[PDB]
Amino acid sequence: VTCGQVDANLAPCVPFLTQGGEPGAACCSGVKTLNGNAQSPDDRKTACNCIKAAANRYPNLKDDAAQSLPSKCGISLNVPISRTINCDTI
């Protein structure tokens, strides 16, 4: 996994993550794809650091949307979308 792959997977989620509402089907599909790449501990740590940079990338990101994205998409997300996540604990 690479940070560009992660960015591409999270792109459809930016409207939901910065404006609220509901994640679209495209957003949930991208998150599902990225979750499928974060299997191994090293994949999980790398994807986590990429997701952290991406989260800090988007302005006025709403943490309620980030926290509720896994339940709104039906995913047990192995890498949380946080600006402040310590990826070593993943």
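Under this definition, the rigid core comprises the largest set of C-alpha atoms superposing within 1.5 Å between the forms. From 1 onward, residues are counted along the sequence shown.
In summary, of the stretches 21-29 and 74-82, 74-82 shows the greater Cα distance from the shown form in 4 other deposited structures of this protein, with structures fitted on the rigid core. Taking 36-44 and 59-67 in turn, the stretch whose Cα atoms are more displaced from the shown form in 4 other deposited structures of this protein following rigid core superposition is 59-67.
Higher mean CA temperature factor between 24-32 and 56-64: 56-64, per the PDB entry.
Here the stretch with the larger average CA B-factor, out of 9-17 and 75-83, is 75-83.
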